[PDB]
Amino acid sequence: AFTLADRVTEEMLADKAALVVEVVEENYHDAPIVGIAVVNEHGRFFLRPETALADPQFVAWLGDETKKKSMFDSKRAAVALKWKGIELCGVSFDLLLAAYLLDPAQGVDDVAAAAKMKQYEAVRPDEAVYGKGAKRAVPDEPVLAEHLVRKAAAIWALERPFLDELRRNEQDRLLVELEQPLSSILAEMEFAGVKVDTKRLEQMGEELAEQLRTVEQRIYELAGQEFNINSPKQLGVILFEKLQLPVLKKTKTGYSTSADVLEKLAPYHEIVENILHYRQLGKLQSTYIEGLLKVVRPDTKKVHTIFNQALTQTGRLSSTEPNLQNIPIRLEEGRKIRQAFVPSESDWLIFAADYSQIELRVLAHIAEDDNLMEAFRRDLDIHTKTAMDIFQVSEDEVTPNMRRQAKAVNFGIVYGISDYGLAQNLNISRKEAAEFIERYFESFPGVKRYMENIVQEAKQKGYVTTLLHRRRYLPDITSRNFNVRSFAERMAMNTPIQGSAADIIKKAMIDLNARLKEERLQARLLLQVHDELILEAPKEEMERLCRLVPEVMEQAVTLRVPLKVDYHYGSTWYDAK
DNA sequence: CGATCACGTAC
DNA sequence: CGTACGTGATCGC
């Protein structure tokens, strides 16, 4: 049982508590707080938010760093409280992050899933209480209050066994000194938001909508008929039945119309290039023009992404609503989308700094490959150097195509090399791709040793680890199905690389946030895109940031090879190039 | 109205 | 061949 409290009392403000500040809306930016639960040595309390969040003593308790709180997904509460002008401090245990570190593959997304890991089931899943999708609703106060108190009581009960296992895993510091501080930095980034030049976005959509109608009309002529070009089904009928184009790849229901397939068909018919062009144009229009405009706040013209810190199997962040980690950059036409991301104050600028080849640098370090490490110590172009080695030529004799093929091998090596997936990438045979890989491993025998050893370790221990002791369990490493076992071996190879690079940029972010405060700079972190950080800052801070940000990022850890950071700034994200 | 499947964008 | 997220179509409810 529990107290359904009319008033905040002093015994609710003990210096250690499990705290529930319930935000049911999936997107928590400026969202309602539907209820509060406090469990401490003195009892269990449910508070209505309109009462508690107006009580100065409760608010002061929330903001007191010395009053320690155990929570689940504290960034959600912190951000929702930021939008009410209320500061949340003292969060010393985040059960979501603790569960994520212990085993990211559980998909732990609510208190009940984490509690099940320790045989605790006296709490319902959020989806049972709130329902799903259309039927999603906040239940009446008695049902609501019991749920929130059960969650807090679960958090209260679960802190000790989770911290105990984290210690056994040598992951206690990972939680307390990396993920939990990073959660506060992400809350600040999300709350700040990124300012969007919506008028520029709208005028892009207007010229895109002109060009879409042009290509669209040309497509119907060359097809001799109108059809929904966006349907892979109808399009496959125009292409592979009406126009008789060769079927180079079947899907499961019909024929593949992926861009890769369409590349090969363009010589046979003028329609294919137009469908390609229609597809690129339509991708920008629907996902990056219309998509972005839908999530801009009309008052501030900012987008406030949500960084999912407890989701990827490797330790990377993900970004939602909008995803700001996949804004186009490769093709110029899509890169112009970044012109719409602008500083949020006048006479400020966008500063962007990115690690140069952090994954291959991490690989050099963990493999202790003499050749690969020397290449980075010489700051060589790694793709050209790999081509020189694989194809046994001097630098002068590396052709553009050789470099392109060596680059693809370098990507495969990072992702988990296999004869078949490189062959696919390079449009070559499997025996040919196997010869490339064999020649890579002859040139980098330390990388070969590392790939063999880490697979054997994943089989022996049941998991692989990263630099800062993140882990990923790989039960499929022992499967007797070749496809399933191979994916697990590739994950054994890739996760220490991708995950270690994630560890490093997360530590950089923490170190950078500390340095910016020490230096009293107004510069603020806005975004992280896996190996780059995006800031905005007064124009008068650029020269100091040119020195400060790359140094903090490069010194975040010490590897057997240097870390190298490139950096640029400009009046928009596009210009920060 | 979910939910699957293709597809495409980033790193 | 790694890791994500969003959009559109399409099916069956």
Side-chain angles (χ1 to χ4, degrees), chain A residues 104 131-136 227-236 249-262 275-276 278-292 294-295 305-309 311-331 333-335 337-338 354-360 363 408-426 428 430 433-434 436-437 451 472 483 486-499 501-502 505 527-532:
Chain A
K132 263 272 276 178
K135 308 290 148 144
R136 192 173 173 86
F227 64 108
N228 176 207
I229 310 164
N230 289 109
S231 160
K233 161 178 48 73
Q234 304 182 30
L235 176 73
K249 222 184 290 262
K250 295 185 181 187
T251 39
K252 331 197 221 88
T253 37
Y255 320 97
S256 157
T257 71
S258 34
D260 164 37
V261 176
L262 294 182
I275 293 152
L276 289 162
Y278 176 88
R279 280 243 185 106
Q280 331 303 329
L281 262 48
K283 178 76 167 186
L284 297 166
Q285 179 74 300
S286 70
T287 297
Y288 296 107
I289 303 284
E290 300 174 3
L292 260 181
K294 291 188 219 126
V295 296
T305 187
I306 290 182
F307 288 111
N308 194 334
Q309 192 183 354
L311 181 125
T312 77
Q313 302 303 300
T314 60
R316 284 197 182 180
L317 304 178
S318 76
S319 168
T320 57
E321 269 197 82
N323 181 1
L324 295 181
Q325 293 178 326
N326 72 345
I327 305 297
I329 198 193
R330 212 192 58 112
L331 301 190
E333 312 77 289
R335 192 179 194 151
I337 290 290
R338 293 172 176 231
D354 70 284
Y355 284 110
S356 180
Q357 303 291 343
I358 188 172
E359 301 82 352
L360 285 173
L363 172 59
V409 173
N410 277 334
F411 275 70
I413 284 302
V414 165
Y415 294 162
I417 205 51
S418 71
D419 61 6
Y420 169 91
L422 179 67
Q424 198 51 42
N425 196 72
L426 286 178
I428 59 180
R430 274 219 297 236
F436 285 176
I437 301 156
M451 298 299 173
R472 182 182 192 170
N483 274 16
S486 294
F487 200 6
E489 299 172 343
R490 288 200 304 278
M491 296 178 180
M493 302 182 258
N494 172 262
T495 295
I497 301 171
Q498 200 190 101
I505 187 145
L527 297 178
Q528 187 248 48
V529 189
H530 305 314
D531 68 346
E532 60 195 52

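Protein chains get the first letters and strands the later ones, always in sequence-line order, with residue 1 at the start of each.
Across all strands shown, A:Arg472 has heavy atoms under 4.0 Å from sugar-phosphate atoms exclusively, and none from any base. Contact annotation for A:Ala259: backbone-only contact, meaning every heavy-atom pair under 4.0 Å involves sugar-phosphate atoms and none involves a base. When heavy atoms are screened at a 4.0 angstrom cut-off, A:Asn228 is found touching the sugar-phosphate backbone but no base atom. Residue contacts shown for A:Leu317 are absent, as no nucleic acid heavy atom lies under 4.0 Å away. As judged by a 4.0 angstrom heavy-atom cut-off over every strand, A:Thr495 is placed among residues making no nucleic acid contact. Within 4.0 Å (heavy atoms only), A:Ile413 reaches no atom of the nucleic acid at all. Residue A:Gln325 is in sugar-phosphate contact alone, with no base atom involved, counting any heavy-atom pair closer than 4.0 Å across all strands shown. Across all strands shown, A:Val529 has heavy atoms under 4.0 Å from sugar-phosphate atoms exclusively, and none from any base. At the heavy-atom level, A:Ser486 lies nowhere under 4.0 Å from the strands shown. Among the atoms of the strands shown, none is found under 4.0 Å from any heavy atom of A:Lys135. Within 4.0 Å (heavy atoms only), A:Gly416 reaches at least one base atom of the nucleic acid. Within the 4.0 angstrom heavy-atom criterion, no nucleotide atom of any strand lies near A:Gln424.
Checking each of A:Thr257, A:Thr251, A:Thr253 against A:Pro232 for a side-chain contact (heavy atoms from CB on, under 4.5 Å) leaves exactly one that passes, namely A:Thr257. Each of A:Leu426, A:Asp419, A:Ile417 was compared with A:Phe436 under the side-chain contact (heavy atoms from CB on, under 4.5 Å) criterion, and only A:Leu426 meets it.
Rounded to whole angstrom, the span from the CD1 atom of A:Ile497 across to the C1' atom of B:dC11 amounts to 14 Å. A:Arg136 has its CZ atom 12 Å from the P atom of B:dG2, to the nearest Å. The distance between atom CZ of A:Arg490 and atom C1' of C:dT3, rounded to the nearest whole Å, is 13 Å. Note: CG (A:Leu311) to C1' (B:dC11) measures 16 Å, nearest angstrom. What separates NZ of A:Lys233 from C1' of C:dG8 is a distance of 12 Å, to the nearest Å. The CD1 atom of A:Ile289 sits 14 Å away from the P atom of B:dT9 (whole-angstrom rounding). The interatomic distance linking A:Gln528 (CD) with B:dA10 (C1') rounds to 12 Å, in whole Å. Rounded to whole Å, the distance from CG on A:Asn494 to P on C:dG2 is 8 Å.
Candidate nucleotides C:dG8, C:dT3, C:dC1 were compared by shortest atom distance to the side chain of A:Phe487, and C:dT3 ranks first. Side chain of A:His530, nearest nucleotide from B:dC11, B:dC7, C:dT7: B:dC11. When distances are taken from the side chain of A:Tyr415 to each of C:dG6, B:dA3, B:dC11, the shortest belongs to B:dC11. Among B:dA6, C:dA4, C:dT3, the nucleotide with an atom closest to any side-chain atom of A:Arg316 is C:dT3. In this structure, the nucleotide among C:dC1, C:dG8, C:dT10 sitting nearest to the side chain of A:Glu290 is C:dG8. Comparing C:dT10, C:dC1, B:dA6 by their nearest atom to the side chain of A:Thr251 picks out B:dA6. Of the candidate nucleotides C:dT7, B:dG2, B:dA6, B:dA6 has the atom lying nearest to any side-chain atom of A:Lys252. Closest to the A:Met491 side chain, of the nucleotides C:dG2, C:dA4, C:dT7, is C:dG2. Looking at the side chain of A:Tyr288, the nearest of the listed nucleotides C:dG2, B:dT9, C:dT10 is B:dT9. The side chain of A:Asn425 approaches C:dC1 more closely than any other nucleotide in the set C:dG2, C:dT10, C:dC1.
For C:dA9, the ring torsion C1'-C2'-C3'-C4' comes out negative, which puts the sugar in the south group.
At the phosphate of C:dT7, OP1 or OP2 sits under 4.0 Å from a side-chain N or O atom of A:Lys294. In this structure, A:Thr257 reaches the B:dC7 phosphate: one of its side-chain N or O atoms is under 4.0 Å from OP1 or OP2. The side chain of A:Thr287 places no N or O atom within less than 4.0 Å of a non-bridging phosphate oxygen (OP1 or OP2) of C:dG6. Between A:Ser231 and C:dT10, a side-chain N or O to OP1/OP2 separation shorter than 4.0 Å is present. The phosphate of C:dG2 (OP1 or OP2) has no side-chain N or O of A:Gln313 nearer than 4.0 angstrom.
Contact record, A:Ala433 with A:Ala423: CB-N, 3.6 Å, taken as the closest heavy-atom pair. Between A:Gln234 and A:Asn228, the shortest heavy-atom distance links the atoms OE1-N, 2.7 Å.
When each of A:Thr320 and A:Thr314 is assigned the nucleotide of DNA chain C bearing its nearest heavy atom, the one mapping closer to the 5' terminus is A:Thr314.
For the pair A:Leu324 and A:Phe307, the minimum side-chain heavy-atom distance is 4.5 Å or more. Contact of the A:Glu321 side chain with the A:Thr305 side chain is not registered, since no non-hydrogen atoms from C-beta on lie closer than 4.5 Å.
With 3.5 Å as the limit, one finds a donor-acceptor pair spanning the side chains of A:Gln498 and A:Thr314. For the 3.5 Å distance criterion, the side chains of A:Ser318 and A:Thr312 fail to qualify, holding no donor opposite an acceptor.
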